[PDB]
There are 2 protein chains.
Amino acid sequence: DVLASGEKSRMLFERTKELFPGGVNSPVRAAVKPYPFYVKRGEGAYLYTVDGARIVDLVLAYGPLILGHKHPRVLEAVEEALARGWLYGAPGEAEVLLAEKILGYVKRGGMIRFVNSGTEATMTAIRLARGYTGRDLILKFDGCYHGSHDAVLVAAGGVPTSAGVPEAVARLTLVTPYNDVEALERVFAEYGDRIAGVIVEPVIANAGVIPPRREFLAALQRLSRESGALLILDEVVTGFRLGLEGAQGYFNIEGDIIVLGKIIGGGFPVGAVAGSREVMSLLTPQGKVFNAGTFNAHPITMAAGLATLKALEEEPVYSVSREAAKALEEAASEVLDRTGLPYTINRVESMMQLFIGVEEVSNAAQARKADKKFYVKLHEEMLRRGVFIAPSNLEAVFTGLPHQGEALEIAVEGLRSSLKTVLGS
Amino acid sequence: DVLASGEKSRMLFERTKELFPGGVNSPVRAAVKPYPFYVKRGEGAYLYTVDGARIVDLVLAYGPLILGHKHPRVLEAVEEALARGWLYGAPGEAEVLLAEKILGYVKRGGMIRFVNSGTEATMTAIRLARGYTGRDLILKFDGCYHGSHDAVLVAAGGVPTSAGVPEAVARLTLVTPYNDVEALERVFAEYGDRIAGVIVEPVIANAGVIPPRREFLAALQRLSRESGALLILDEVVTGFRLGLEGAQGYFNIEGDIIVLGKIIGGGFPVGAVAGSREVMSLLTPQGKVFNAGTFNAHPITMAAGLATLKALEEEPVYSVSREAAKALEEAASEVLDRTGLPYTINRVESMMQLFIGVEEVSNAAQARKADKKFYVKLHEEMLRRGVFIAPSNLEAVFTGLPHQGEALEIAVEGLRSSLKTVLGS
Ligand SMILES: Cc1ncc(COP(=O)(O)O)c(CN)c1O
Ligand SMILES: Cc1ncc(COP(=O)(O)O)c(CN)c1O
Ligand SMILES: [Cl-]
Ligand SMILES: [Cl-]
């Protein structure tokens with residue numbers, strides 16, 4: 001009953017094929033079925049296509065929009081900051097207030113460095129772990145996504161998963177299965193003091209959603225501590241979504257370097273690296289680890305981020321978002337439970353994902369066994385119901401403050417009905 | 001007669017020492033004398049400190065603000081775009097119009113990919129040159145700045161100029177002197193078909209300002225063409241500053257991959273890579289060279305960039321900016337010419353820099369011979385005159401549209417008077 005990609009979108013779609021590689025500026029955007037819809041504007045829980053169709057947004061730009069689109073509070077803060085100019089080339093005030101608030105939640109007494117993307121952030125964290133330890137090796141886990149830079153575009157043979165990445169760079173990155181304590185202990189017994197740092201997502205969000213095993217978390221902290229390797233918690237997604245204290249507070253764990261992003265920018269380009277004074281002091285202009293950026297601590301990003309965190313402390317964002325995701329899971333379960341089809345749903349607060357054909361998903365290997373065809377059809381049916389979920393089973397479904405009342409009702413009805421349609425396909 | 005860093009700035013300065021490494025979020029910001037001033041807001045040609053002092057901005061965030069601060073046209077475009085939401089997670093309309101306009105000026109019939117910083121942009125261009133050719137080596141020039149990523153944090157022994165950068169990565173980058181035809185031809189005769197690409201700034205902006213020799217430019221195009229290596233013109237600064245067609249149109253040259261940034265974002269986080277369909281088609285989701293980004297083609301950046309380019313085509317920005325820089329050069333020359341002090345001033349349109357103690361600066365080595373102490377004192381005196389120039393002699397002085405009338409008068413008077421003071425110091 002809804003046509004997300006209409007004739008206006010069709011025109012733009014054929015038109016951008018000549019302007020951008022693959023027709024888009026980011027891979028995941030091209031997978032939308034039957035073809036990408038173009039957005040005219042966004043507000044609250046909705047995206048509005050150039051043709052006019054209104055769509056409930058369960059993607060939220062893949063994490064940043066926990067407050068929904070064009071949040072009134074953040075909008076007003078940004079409007080006010082805008083009247084003061086948006087770029088200075090020197091220190092501003094908002095960056096100071098945001099740093100203090102962020103550090104108060106993720107690394108009290110530590111320091112922070114603001115960058116412009118999660119990619120720049122994890123890239124900076126890695127260079128920092130190498131500079132601090134004097135080691136080269138970085139350990140990452142299969143299924144974890146850390147951005148668009150050489151060091152993390154690697155898989156176990158360490159070989160490049162993208163072209164243009166020298167074999168020499170790829171060899172310096174190790175890879176083992178997520179949640180695999182056995183393998184984790186083995187790789188450390190195999191490389192020991194040559195490992196500079198261990199980067200990991202406390203909760204995987206780029207291979208569907210996958211919660212961590214308590215033993216995996218404990219092993220990570222213990223092994224990095226005993227070997228001298230820095231534990232890098234990539235909280236670009238988990239930061240400020242799993243509560244104000246993020247993954248560290250949620251799972252009661254500690255990281256040496258905390259990578260932040262998306263939510264802390266209020267919807268504007270952002271990335272950040274936080275750590276103790278001992279580690280952070282290595283960054284230029286204080287130490288030898290280089291990091292610079294024309295847009296670092298961009299005034300508008302700072303202002304939007306501060307307002308966003310302010311809203312997270314004053315509004316029932318976490319409860320509302322948790323309830324929305326819970327309601328979606330219950331709706332999907334109510335329909336699927338009336339079948340003989342195996343499946344599983346992983347959910348951590350406001351982030352979740354459905355996996356068809358398997359009863360358990362505790363790692364990327366299992367996540368990859370899920371029925372892709374079923375999911376893709378589900379994605380398409382949902383759009384036809386006016387609901388937008390990631391076009392890929394390996395992405396995640398995110399809920400936010402606006403997912404309540406009518407918007408939630410539409411999403412829930414859409415999910416029930418889309419499942420039934422796909423089930424009877 | 002002006003105190004840029006007052007008591008409000010002093011408080012913030014001591015306060016941020018505990019929040020950020022070196023007290024700032026980007027190295028160059030810490031060099032401001034006697035210590036960094038904090039900005040409350042910016043408008044037109046001015047920056048306003050938290051204490052209140054108004055300062056003429058000859059830094060302009062180091063390039064992006066060719067239209068000055070809070071340009072009315074760009075402001076209104078951004079306000080309107082803001083009301084439509086600032087982040088979608090799917091394609092928007094502004095990105096399409098900006099891509100078409102940019103490509104029409106720098107690579108007709110080609111493609112483009114929007115990223116979030118110049119660093120991400122040059123990093124993407126390099127990975128693209130390596131993926132396209134299947135080669136590893138990248139040639140850069142001494143004094144050129146390409147961002148905060150491993151591959152370009154290198155110098156000739158290729159060794160790392162920053163900590164945390166593996167020797168293996170650094171060895172894959174070659175470095176020779178800027179404008180040195182002899183050395184350029186030699187390195188190609190030494191590495192030949194192993195070179196994936198040659199990255200260079202058509203006009204150096206991060207070792208003072210240094211124009212290119214016509215022979216250097218010709219050799220670059222010829223050698224890359226004959227060896228199969230891609231010529232990567234880093235126009236993050238030159239793009240849209242040296243005319244709408246940038247360096248290519250200004251010097252009548254051609255690059256395989258054009259790196260863009262700063263101005264194309266209208267003051268918001270941005271970066272871009274442009275090239276022919278043959279090369280660009282390698283980027284994901286079309287090809288194997290990976291590049292993704294949550295904020296790629298950010299709606300506000302797109303809207304601000306489009307409005308900015310629109311202003312560049314409709315307003316006398318280039319003539320006004322050229323005249324301002326010319327007036328500053330004449331004022332500095334009028335004072336210095338009445339002395340027996342050797343010096344030289346390099347200027348290309350709206351970008352320039354003064355070099356004391358040397359009669360010529362055609363490369364970074366010479367630029368490094370300039371009197372740093374004189375410059376630093378000049379920087380401080382200027383601030384005391386209410387004018388802001390880079391605190392480092394290796395940075396550049398940029399002029400923009402607002403540099404006219406009273407603002408220009410203040411800058412010119414400040415320069416004359418600051419020179420005299422330093423000369424009599
Ligand atoms: C030529 C060039 N390339 C890359 C960069 C880095 O741009 P960004 O700081 O946005 O990463 C700069 C900024 N100094 C630059 O001038
Ligand atoms: C955990 C994680 N790290 C890094 C990134 C990349 O962030 P960005 O796209 O802004 O570079 C993402 C975004 N998918 C992420 O989820
Ligand atoms: Cl929005
Ligand atoms: Cl501004």
Side-chain angles (χ1 to χ4, degrees), chain B residues 28 31 45 56-60 62-63 66 143-145 178-179 201-214 216 237-238 241-242 247 250-251 318-383 385 387-400 403-404 407-425:
Chain B
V28 72
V56 172
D57 192 355
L58 292 182
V59 168
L60 304 177
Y62 292 103
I66 192 171
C144 286
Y145 180 61
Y178 188 77
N179 277 333
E201 294 174 66
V203 173
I204 274 184
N206 291 281
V209 171
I210 306 178
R213 286 179 178 291
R214 200 170 303 91
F216 185 52
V237 170
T238 63
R241 178 166 282 282
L242 299 181
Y250 200 75
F251 295 115
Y318 297 120
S319 53
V320 173
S321 303
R322 170 171 56 252
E323 283 310 297
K326 194 171 177 183
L328 291 172
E329 170 165 38
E330 300 187 303
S333 288
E334 294 178 306
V335 177
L336 291 167
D337 285 344
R338 298 180 75 79
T339 74
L341 187 58
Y343 78 100
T344 182
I345 296 176
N346 288 338
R347 174 176 71 73
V348 182
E349 293 301 303
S350 56
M351 58 197 287
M352 76 196 276
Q353 187 50 297
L354 170 65
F355 297 103
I356 295 294
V358 291
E359 289 292 304
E360 186 198 62
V361 173
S362 64
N363 61 53
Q366 305 188 309
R368 296 188 187 98
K369 288 184 300 182
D371 188 326
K372 298 185 296 292
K373 263 140 217 162
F374 185 110
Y375 187 83
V376 171
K377 292 176 296 182
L378 178 59
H379 157 72
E380 210 178 323
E381 284 307 313
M382 285 286 269
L383 224 40
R385 304 294 203 296
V387 189
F388 179 40
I389 58 172
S392 171
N393 198 167
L394 296 183
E395 288 305 318
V397 171
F398 295 106
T399 50
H403 293 148
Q404 53 179 300
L408 181 54
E409 160 65 6
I410 298 172
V412 169
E413 294 299 341
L415 183 50
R416 287 173 182 156
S417 177
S418 293
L419 284 169
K420 297 186 180 185
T421 299
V422 179
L423 281 170
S425 165

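When reading the values below, keep in mind they use all heavy atoms of this one structure, side chains included, and skip hydrogens, waters and symmetry mates. Chain identifiers are assigned alphabetically (A, B, ...) following the order of the sequence lines, protein sequences preceding nucleic acid strands; residue numbering begins at 1 within each chain.
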B:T344 side chain near B:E360 side chain, heavy-atom distance below 4.5 Å: no
N/O donor-acceptor pair under 3.5 Å between B:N363 side chain and B:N179 backbone: no
Non-hydrogen atoms of B:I345 and B:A332 that approach each other most closely: CD1-CB, 4.0 Å
Nearest heavy-atom neighbours spanning B:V203 and B:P212: CG2-CD, 4.0 Å
Residues B:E395, B:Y375; criterion side chain to side chain donor-acceptor pair (under 3.5 Å); working and verdict: CA-CA 11 Å; B:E395 288 305 318; B:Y375 187 83; over 6 Å; no
From CD (B:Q366) to CD1 (B:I210), nearest 0.5 Å: 8.0 Å
Side-chain heavy atoms of B:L336 within contact of B:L423, under 4.5 Å: yes
Side-chain donor/acceptor of B:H379 to backbone N/O of B:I389, under 3.5 Å: yes
Nearest heavy-atom neighbours spanning B:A247 and B:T238: CB-OG1, 3.8 Å
Under 3.5 Å donor-acceptor, B:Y178 side chain and B:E201 backbone: yes
Exercise: identify the closest heavy-atom pair between B:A367 and B:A207: CB-O, 3.5 Å
Minimum side-chain heavy-atom gap B:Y343-B:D337 below 4.5 Å: yes
For the student: nearest non-hydrogen atoms of B:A205 and B:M351, plus distance: CB-CE, 3.6 Å
OG on B:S425 to CG on B:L378, rounded to 0.5 Å: 11.5 Å
Distance, nearest 0.5 Å, that separates OG of B:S321 from CZ of B:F398: 11.5 Å
Where B:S362 and B:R213 come nearest, the two heavy atoms and their spacing: OG-NH2, 3.7 Å
OG-NZ distance between B:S418 and B:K377, expressed to the nearest 0.5 angstrom: 12.5 Å
Salt-bridge contact B:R385-B:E381 (side-chain N to carboxylate O under 4.0 Å): yes
Validation row: B:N393, B:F374 side chains within 4.5 angstrom (heavy atoms): no
Beyond-backbone contact of B:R322 with B:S319, side-chain heavy atoms, under 4.5 angstrom: yes
Heavy-atom neighbours of B:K326 NZ exceed 12 at 6.0 Å: no
Reported CG-to-CG distance for the pair B:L58 and B:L415, which is rounded to 0.5 angstrom: 8.5 Å
Main-chain N/O of B:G400 paired to B:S350 side chain as donor or acceptor, under 3.5 Å: no
CA sep, side-chain torsions, deciding dist, call: B:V348, B:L242, side chain to side chain contact (heavy atoms under 4.5 Å, CB included): CA-CA 8 Å; B:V348 182; B:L242 299 181; 3.5 Å; yes
Residue pair B:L341 / B:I356, side-chain heavy-atom distance below 4.5 Å: yes
Side chain to side chain contact (heavy atoms under 4.5 Å, CB included) between B:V397 and B:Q353, intermediate numbers included: CA-CA 6 Å; B:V397 171; B:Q353 187 50 297; 3.8 Å; yes
Derivation of the side chain to side chain contact (heavy atoms under 4.5 Å, CB included) call for B:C144 and B:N206: CA-CA 6 Å; B:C144 286; B:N206 291 281; over 6 Å; no
Partners meeting salt bridge (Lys or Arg N to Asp or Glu O under 4.0 Å) with B:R416 (sequence neighbours left out): B:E334, B:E413
Worked verdict on B:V412 versus B:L328 for side chain to side chain contact (heavy atoms under 4.5 Å, CB included): CA-CA 6 Å; B:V412 169; B:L328 291 172; 4.1 Å; yes
Side-chain heavy atoms of B:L354 within contact of B:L419, under 4.5 Å: yes
Distance (rounded to the nearest 0.5 Å) between B:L60 CG and B:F388 CZ: 9.5 Å
